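Heads up: the structure comes next, in C-alpha cells.
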Amino acid sequence: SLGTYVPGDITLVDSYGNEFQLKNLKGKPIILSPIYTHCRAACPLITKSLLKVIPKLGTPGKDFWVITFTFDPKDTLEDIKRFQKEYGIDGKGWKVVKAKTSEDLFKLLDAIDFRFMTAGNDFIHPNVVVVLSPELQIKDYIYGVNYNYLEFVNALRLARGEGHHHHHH
C-alpha cells in the first residue's frame, strides 16, 4: 500500500548465504522485484526488463539497492544462486534473496499487497516492482513486464522525496 512501511525486521538471506534484516539497507532507495526462480514465463521477462532499465538509472549498491526476492517458500540458497548466475546479477548492489522463514515472507508480501495462488505446477501472481524510500516507505509500484525509463526515474525521485515542487502538496 502506497505510503505504508515495509517492516524493517524482515530477515532475508542473499544468494551467498549472508543474512540481513531489511532495515540494514536503509539509506538508499530500494527497488524490490518479487519473482520465483522456477518461473519460465513472467519472471524472466520482468528480470530481463529490469536488466535493461537499471543501468540507465544508476549503479546498484551506490545510488539504490536492487533486491530480487523469491516468494516461493521452497526456493533454497542453491535456487537463488542459480537465478543470480543466470541473469549475470552482481549479487551485492543487486541482490537475489529469499525470506528466512515463512513469517518473513508473509510480512513482506503483506506489506506490498502481493498475493499468489497455485496453478498446477506454477503460480498465478501480479507482475510488479516496488520502489521504497531510504526509510522503507512504499513510494511507487511499477506494474507489468515492459518497463520504461521515465516511470523508473519518476519512482526514484519520489523515493528520494523529490519531484514534488510542481504542486502545492
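Residue numbering restarts at 1 for every chain of the C-alpha cells, chains are lettered A, B, ... in their displayed order, and ligands are numbered from 1 as they appear.
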
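Every protein or nucleic acid residue with an atom no more than 10 Å from residue 71 (chain A), counting only C-alpha atoms and leaving out same-chain residues fewer than 3 positions away, appears here: residues 33, 34, 35, 36, 37, 68, 74, 75, 97, 98, 99, 102, 105, 106, 108, 109, 114, 115, 116 and 123 of chain A.
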
(request) Could you please determine the separation between CA of residue 94 (chain A) and CA of residue 42 (chain A) in Å, to one decimal place? (result)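 Result for CA of residue 94 (chain A) versus CA of residue 42 (chain A): 19.4 Å, one decimal.
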
Could you build a table of the residues in region 70-147 of chain A lying no more than 12 Å from region 47-50 of chain A, giving for each the nearest pair of atoms and their separation in Å rounded to one decimal place, using only C-alpha atoms, ordered by chain and ascending residue number, as JSON lines?
{"residue": "A:83", "atom": "CA", "partner": "A:47", "partner_atom": "CA", "distance": 10.1}
{"residue": "A:84", "atom": "CA", "partner": "A:47", "partner_atom": "CA", "distance": 10.5}
{"residue": "A:86", "atom": "CA", "partner": "A:47", "partner_atom": "CA", "distance": 10.6}
{"residue": "A:87", "atom": "CA", "partner": "A:48", "partner_atom": "CA", "distance": 7.7}
{"residue": "A:88", "atom": "CA", "partner": "A:48", "partner_atom": "CA", "distance": 10.5}
{"residue": "A:89", "atom": "CA", "partner": "A:47", "partner_atom": "CA", "distance": 9.9}
{"residue": "A:94", "atom": "CA", "partner": "A:50", "partner_atom": "CA", "distance": 10.8}
{"residue": "A:96", "atom": "CA", "partner": "A:47", "partner_atom": "CA", "distance": 11.1}
{"residue": "A:127", "atom": "CA", "partner": "A:47", "partner_atom": "CA", "distance": 10.5}
{"residue": "A:128", "atom": "CA", "partner": "A:47", "partner_atom": "CA", "distance": 10.7}
{"residue": "A:129", "atom": "CA", "partner": "A:50", "partner_atom": "CA", "distance": 9.2}
{"residue": "A:142", "atom": "CA", "partner": "A:50", "partner_atom": "CA", "distance": 11.1}
{"residue": "A:143", "atom": "CA", "partner": "A:49", "partner_atom": "CA", "distance": 11.7}
{"residue": "A:144", "atom": "CA", "partner": "A:49", "partner_atom": "CA", "distance": 9.8}
{"residue": "A:145", "atom": "CA", "partner": "A:49", "partner_atom": "CA", "distance": 6.6}
{"residue": "A:146", "atom": "CA", "partner": "A:49", "partner_atom": "CA", "distance": 5.9}
{"residue": "A:147", "atom": "CA", "partner": "A:49", "partner_atom": "CA", "distance": 6.1}

Could you please take those selected residues and save N, CA and C atoms as a PDB file, in the first residue's frame?
ATOM      1  N   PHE A  83      19.669 -18.521  -9.980  1.00  0.00           N
ATOM      2  CA  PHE A  83      18.987 -17.392 -10.597  1.00  0.00           C
ATOM      3  C   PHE A  83      19.973 -16.225 -10.794  1.00  0.00           C
ATOM      4  N   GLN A  84      20.720 -15.893  -9.752  1.00  0.00           N
ATOM      5  CA  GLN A  84      21.731 -14.845  -9.834  1.00  0.00           C
ATOM      6  C   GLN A  84      22.706 -15.039 -11.000  1.00  0.00           C
ATOM      7  N   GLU A  86      22.325 -16.918 -13.629  1.00  0.00           N
ATOM      8  CA  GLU A  86      21.616 -16.978 -14.887  1.00  0.00           C
ATOM      9  C   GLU A  86      21.496 -15.606 -15.546  1.00  0.00           C
ATOM     10  N   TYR A  87      21.216 -14.600 -14.724  1.00  0.00           N
ATOM     11  CA  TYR A  87      20.981 -13.254 -15.244  1.00  0.00           C
ATOM     12  C   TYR A  87      22.193 -12.330 -15.174  1.00  0.00           C
ATOM     13  N   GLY A  88      23.318 -12.858 -14.685  1.00  0.00           N
ATOM     14  CA  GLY A  88      24.550 -12.077 -14.547  1.00  0.00           C
ATOM     15  C   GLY A  88      24.457 -11.011 -13.471  1.00  0.00           C
ATOM     16  N   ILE A  89      23.551 -11.206 -12.518  1.00  0.00           N
ATOM     17  CA  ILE A  89      23.336 -10.244 -11.447  1.00  0.00           C
ATOM     18  C   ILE A  89      24.554 -10.234 -10.516  1.00  0.00           C
ATOM     19  N   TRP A  94      22.954  -5.378  -6.540  1.00  0.00           N
ATOM     20  CA  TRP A  94      21.698  -6.025  -6.910  1.00  0.00           C
ATOM     21  C   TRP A  94      21.754  -7.415  -6.312  1.00  0.00           C
ATOM     22  N   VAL A  96      20.042 -11.157  -4.959  1.00  0.00           N
ATOM     23  CA  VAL A  96      18.934 -12.126  -5.128  1.00  0.00           C
ATOM     24  C   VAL A  96      18.801 -12.814  -3.777  1.00  0.00           C
ATOM     25  N   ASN A 127       2.546  -8.901 -11.833  1.00  0.00           N
ATOM     26  CA  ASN A 127       3.872  -8.511 -12.280  1.00  0.00           C
ATOM     27  C   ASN A 127       4.104  -7.132 -11.721  1.00  0.00           C
ATOM     28  N   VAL A 128       5.006  -7.038 -10.741  1.00  0.00           N
ATOM     29  CA  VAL A 128       5.196  -5.745 -10.064  1.00  0.00           C
ATOM     30  C   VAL A 128       6.623  -5.544  -9.574  1.00  0.00           C
ATOM     31  N   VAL A 129       7.066  -4.276  -9.606  1.00  0.00           N
ATOM     32  CA  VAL A 129       8.321  -3.860  -8.981  1.00  0.00           C
ATOM     33  C   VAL A 129       7.933  -2.744  -8.023  1.00  0.00           C
ATOM     34  N   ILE A 142       5.413  -0.194  -9.903  1.00  0.00           N
ATOM     35  CA  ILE A 142       5.540  -0.227 -11.360  1.00  0.00           C
ATOM     36  C   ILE A 142       5.081  -1.607 -11.806  1.00  0.00           C
ATOM     37  N   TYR A 143       4.014  -1.664 -12.608  1.00  0.00           N
ATOM     38  CA  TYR A 143       3.416  -2.948 -12.990  1.00  0.00           C
ATOM     39  C   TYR A 143       3.731  -3.339 -14.422  1.00  0.00           C
ATOM     40  N   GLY A 144       3.653  -4.638 -14.653  1.00  0.00           N
ATOM     41  CA  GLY A 144       3.849  -5.196 -15.982  1.00  0.00           C
ATOM     42  C   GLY A 144       5.230  -5.775 -16.168  1.00  0.00           C
ATOM     43  N   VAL A 145       5.622  -5.954 -17.427  1.00  0.00           N
ATOM     44  CA  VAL A 145       6.860  -6.683 -17.720  1.00  0.00           C
ATOM     45  C   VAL A 145       7.724  -5.947 -18.712  1.00  0.00           C
ATOM     46  N   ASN A 146       7.271  -4.771 -19.138  1.00  0.00           N
ATOM     47  CA  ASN A 146       7.935  -3.989 -20.171  1.00  0.00           C
ATOM     48  C   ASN A 146       8.129  -2.558 -19.681  1.00  0.00           C
ATOM     49  N   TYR A 147       9.224  -2.352 -18.955  1.00  0.00           N
ATOM     50  CA  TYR A 147       9.425  -1.128 -18.184  1.00  0.00           C
ATOM     51  C   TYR A 147       9.925  -0.006 -19.058  1.00  0.00           C
TER      52      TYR A 147
END

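Distance-wise, CA of residue 57 (chain A) and CA of residue 130 (chain A) end up 15.2 Å apart.
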
(request) List every residue of region 8-139 of chain A that DSSP, applied to the backbone of this structure, assigns to strand (DSSP E or B), and report them as number ranges by chain. (result) A: 11-14, 19-21, 30-35, 60, 64-70, 94-99, 117-119, 122-124, 128-132, 137-139

Go ahead and save the residues from that selection, with C-alpha atoms, as a JSON list (two decimals), in the first residue's frame.
[["chain", "number", "residue", "atom", "x", "y", "z"],
["A", 11, "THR", "CA", 15.18, -11.30, 7.72],
["A", 12, "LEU", "CA", 16.45, -12.02, 4.20],
["A", 13, "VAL", "CA", 19.19, -14.37, 3.02],
["A", 14, "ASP", "CA", 21.19, -13.48, -0.09],
["A", 19, "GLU", "CA", 21.68, -12.97, 6.39],
["A", 20, "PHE", "CA", 20.49, -9.45, 6.96],
["A", 21, "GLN", "CA", 17.47, -7.52, 8.07],
["A", 30, "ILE", "CA", 15.30, 0.16, -2.74],
["A", 31, "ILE", "CA", 13.86, -1.46, -5.88],
["A", 32, "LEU", "CA", 12.07, -4.72, -4.93],
["A", 33, "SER", "CA", 11.26, -7.39, -7.53],
["A", 34, "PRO", "CA", 9.13, -10.38, -6.39],
["A", 35, "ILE", "CA", 9.67, -13.45, -8.56],
["A", 60, "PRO", "CA", 23.16, -0.70, -7.72],
["A", 64, "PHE", "CA", 19.98, 2.48, -4.81],
["A", 65, "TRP", "CA", 19.72, -1.21, -3.84],
["A", 66, "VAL", "CA", 18.06, -3.70, -6.18],
["A", 67, "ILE", "CA", 16.51, -6.72, -4.45],
["A", 68, "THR", "CA", 15.17, -9.60, -6.46],
["A", 69, "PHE", "CA", 13.33, -11.82, -4.00],
["A", 70, "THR", "CA", 11.70, -15.19, -4.36],
["A", 94, "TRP", "CA", 21.70, -6.02, -6.91],
["A", 95, "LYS", "CA", 20.93, -8.95, -4.59],
["A", 96, "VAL", "CA", 18.93, -12.13, -5.13],
["A", 97, "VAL", "CA", 17.42, -13.15, -1.81],
["A", 98, "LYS", "CA", 14.95, -15.39, -0.05],
["A", 99, "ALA", "CA", 12.99, -14.88, 3.19],
["A", 117, "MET", "CA", -2.04, -18.70, -5.93],
["A", 118, "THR", "CA", -1.16, -22.19, -7.15],
["A", 119, "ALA", "CA", -1.90, -23.05, -10.79],
["A", 122, "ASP", "CA", 3.11, -22.75, -11.46],
["A", 123, "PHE", "CA", 1.93, -19.73, -9.53],
["A", 124, "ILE", "CA", -0.55, -17.09, -10.67],
["A", 128, "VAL", "CA", 5.20, -5.74, -10.06],
["A", 129, "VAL", "CA", 8.32, -3.86, -8.98],
["A", 130, "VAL", "CA", 8.10, -1.82, -5.77],
["A", 131, "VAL", "CA", 10.16, 1.25, -5.05],
["A", 132, "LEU", "CA", 10.91, 2.12, -1.43],
["A", 137, "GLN", "CA", 8.33, 3.54, 2.88],
["A", 138, "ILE", "CA", 6.48, 2.27, -0.21],
["A", 139, "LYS", "CA", 6.70, 5.15, -2.71]]

(request) Tell me which of A:121, A:81, A:91, A:136 sits closest to residue 22 (chain A), counting only C-alpha atoms. (result) A:136

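With CA of residue 153 (chain A) on one side and CA of residue 3 (chain A) on the other, the separation reads 18.3 Å.
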
(request) Using backbone DSSP assignments, extract all helix (DSSP H, G or I) residues from region 76-125 of chain A; output them as a ChimeraX atom specification. (result) /A:77-87,102-111

Could you save those same residues with N, CA, C and O atoms as a PDB file, in the first residue's frame?
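The resulting file, part.pdb, is reproduced below:
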ATOM      1  N   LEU A  77      18.834 -21.663  -1.042  1.00  0.00           N
ATOM      2  CA  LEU A  77      20.014 -20.902  -1.409  1.00  0.00           C
ATOM      3  C   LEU A  77      20.549 -21.312  -2.779  1.00  0.00           C
ATOM      4  O   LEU A  77      20.962 -20.473  -3.577  1.00  0.00           O
ATOM      5  N   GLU A  78      20.542 -22.614  -3.049  1.00  0.00           N
ATOM      6  CA  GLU A  78      21.002 -23.129  -4.332  1.00  0.00           C
ATOM      7  C   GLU A  78      20.171 -22.550  -5.501  1.00  0.00           C
ATOM      8  O   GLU A  78      20.711 -22.171  -6.543  1.00  0.00           O
ATOM      9  N   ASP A  79      18.859 -22.456  -5.294  1.00  0.00           N
ATOM     10  CA  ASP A  79      17.948 -21.885  -6.293  1.00  0.00           C
ATOM     11  C   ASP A  79      18.227 -20.413  -6.563  1.00  0.00           C
ATOM     12  O   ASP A  79      18.323 -19.998  -7.722  1.00  0.00           O
ATOM     13  N   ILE A  80      18.360 -19.621  -5.501  1.00  0.00           N
ATOM     14  CA  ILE A  80      18.639 -18.197  -5.712  1.00  0.00           C
ATOM     15  C   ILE A  80      20.045 -17.921  -6.274  1.00  0.00           C
ATOM     16  O   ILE A  80      20.222 -16.979  -7.048  1.00  0.00           O
ATOM     17  N   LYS A  81      21.035 -18.747  -5.917  1.00  0.00           N
ATOM     18  CA  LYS A  81      22.368 -18.628  -6.516  1.00  0.00           C
ATOM     19  C   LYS A  81      22.320 -18.925  -8.019  1.00  0.00           C
ATOM     20  O   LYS A  81      22.926 -18.228  -8.832  1.00  0.00           O
ATOM     21  N   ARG A  82      21.566 -19.953  -8.384  1.00  0.00           N
ATOM     22  CA  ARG A  82      21.348 -20.287  -9.789  1.00  0.00           C
ATOM     23  C   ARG A  82      20.677 -19.148 -10.580  1.00  0.00           C
ATOM     24  O   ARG A  82      21.090 -18.815 -11.689  1.00  0.00           O
ATOM     25  N   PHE A  83      19.669 -18.521  -9.980  1.00  0.00           N
ATOM     26  CA  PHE A  83      18.987 -17.392 -10.597  1.00  0.00           C
ATOM     27  C   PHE A  83      19.973 -16.225 -10.794  1.00  0.00           C
ATOM     28  O   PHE A  83      20.075 -15.660 -11.874  1.00  0.00           O
ATOM     29  N   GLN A  84      20.720 -15.893  -9.752  1.00  0.00           N
ATOM     30  CA  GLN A  84      21.731 -14.845  -9.834  1.00  0.00           C
ATOM     31  C   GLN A  84      22.706 -15.039 -11.000  1.00  0.00           C
ATOM     32  O   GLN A  84      22.954 -14.115 -11.783  1.00  0.00           O
ATOM     33  N   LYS A  85      23.263 -16.242 -11.106  1.00  0.00           N
ATOM     34  CA  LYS A  85      24.214 -16.533 -12.182  1.00  0.00           C
ATOM     35  C   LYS A  85      23.562 -16.456 -13.556  1.00  0.00           C
ATOM     36  O   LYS A  85      24.150 -15.953 -14.519  1.00  0.00           O
ATOM     37  N   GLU A  86      22.325 -16.918 -13.629  1.00  0.00           N
ATOM     38  CA  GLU A  86      21.616 -16.978 -14.887  1.00  0.00           C
ATOM     39  C   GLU A  86      21.496 -15.606 -15.546  1.00  0.00           C
ATOM     40  O   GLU A  86      21.651 -15.465 -16.763  1.00  0.00           O
ATOM     41  N   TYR A  87      21.216 -14.600 -14.724  1.00  0.00           N
ATOM     42  CA  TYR A  87      20.981 -13.254 -15.244  1.00  0.00           C
ATOM     43  C   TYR A  87      22.193 -12.330 -15.174  1.00  0.00           C
ATOM     44  O   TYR A  87      22.099 -11.152 -15.558  1.00  0.00           O
ATOM     45  N   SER A 102       8.826 -18.403   6.838  1.00  0.00           N
ATOM     46  CA  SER A 102       7.528 -18.035   6.287  1.00  0.00           C
ATOM     47  C   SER A 102       6.975 -16.747   6.879  1.00  0.00           C
ATOM     48  O   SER A 102       6.227 -16.045   6.197  1.00  0.00           O
ATOM     49  N   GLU A 103       7.315 -16.444   8.138  1.00  0.00           N
ATOM     50  CA  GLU A 103       6.873 -15.171   8.729  1.00  0.00           C
ATOM     51  C   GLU A 103       7.499 -13.992   8.000  1.00  0.00           C
ATOM     52  O   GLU A 103       6.836 -12.996   7.724  1.00  0.00           O
ATOM     53  N   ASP A 104       8.770 -14.115   7.679  1.00  0.00           N
ATOM     54  CA  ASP A 104       9.433 -13.048   6.936  1.00  0.00           C
ATOM     55  C   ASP A 104       8.774 -12.874   5.576  1.00  0.00           C
ATOM     56  O   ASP A 104       8.548 -11.741   5.125  1.00  0.00           O
ATOM     57  N   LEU A 105       8.488 -13.999   4.920  1.00  0.00           N
ATOM     58  CA  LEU A 105       7.868 -13.985   3.603  1.00  0.00           C
ATOM     59  C   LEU A 105       6.487 -13.347   3.625  1.00  0.00           C
ATOM     60  O   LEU A 105       6.240 -12.425   2.841  1.00  0.00           O
ATOM     61  N   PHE A 106       5.594 -13.814   4.507  1.00  0.00           N
ATOM     62  CA  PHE A 106       4.206 -13.249   4.737  1.00  0.00           C
ATOM     63  C   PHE A 106       4.239 -11.779   4.918  1.00  0.00           C
ATOM     64  O   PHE A 106       3.483 -11.012   4.344  1.00  0.00           O
ATOM     65  N   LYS A 107       5.107 -11.364   5.841  1.00  0.00           N
ATOM     66  CA  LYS A 107       5.184  -9.961   6.259  1.00  0.00           C
ATOM     67  C   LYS A 107       5.586  -9.063   5.097  1.00  0.00           C
ATOM     68  O   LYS A 107       5.015  -7.992   4.899  1.00  0.00           O
ATOM     69  N   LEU A 108       6.571  -9.517   4.327  1.00  0.00           N
ATOM     70  CA  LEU A 108       6.991  -8.764   3.152  1.00  0.00           C
ATOM     71  C   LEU A 108       5.859  -8.658   2.135  1.00  0.00           C
ATOM     72  O   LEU A 108       5.533  -7.567   1.656  1.00  0.00           O
ATOM     73  N   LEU A 109       5.293  -9.810   1.766  1.00  0.00           N
ATOM     74  CA  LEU A 109       4.242  -9.813   0.767  1.00  0.00           C
ATOM     75  C   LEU A 109       3.006  -9.042   1.243  1.00  0.00           C
ATOM     76  O   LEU A 109       2.361  -8.320   0.447  1.00  0.00           O
ATOM     77  N   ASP A 110       2.685  -9.167   2.536  1.00  0.00           N
ATOM     78  CA  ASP A 110       1.547  -8.446   3.091  1.00  0.00           C
ATOM     79  C   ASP A 110       1.737  -6.937   2.978  1.00  0.00           C
ATOM     80  O   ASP A 110       0.804  -6.196   2.628  1.00  0.00           O
ATOM     81  N   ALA A 111       2.960  -6.482   3.244  1.00  0.00           N
ATOM     82  CA  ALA A 111       3.220  -5.050   3.234  1.00  0.00           C
ATOM     83  C   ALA A 111       3.047  -4.451   1.831  1.00  0.00           C
ATOM     84  O   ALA A 111       2.531  -3.337   1.676  1.00  0.00           O
TER      85      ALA A 111
END

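The residue that comes closest to residue 63 (chain A), out of A:76, A:15, A:133, A:148 and on the basis of only C-alpha atoms, is A:133.
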
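Once residue 160 (chain A) and its same-chain neighbours fewer than 3 positions away are set aside, residues 29, 133, 134, 156 and 157 of chain A remain within 8 Å of it when counting only C-alpha atoms.
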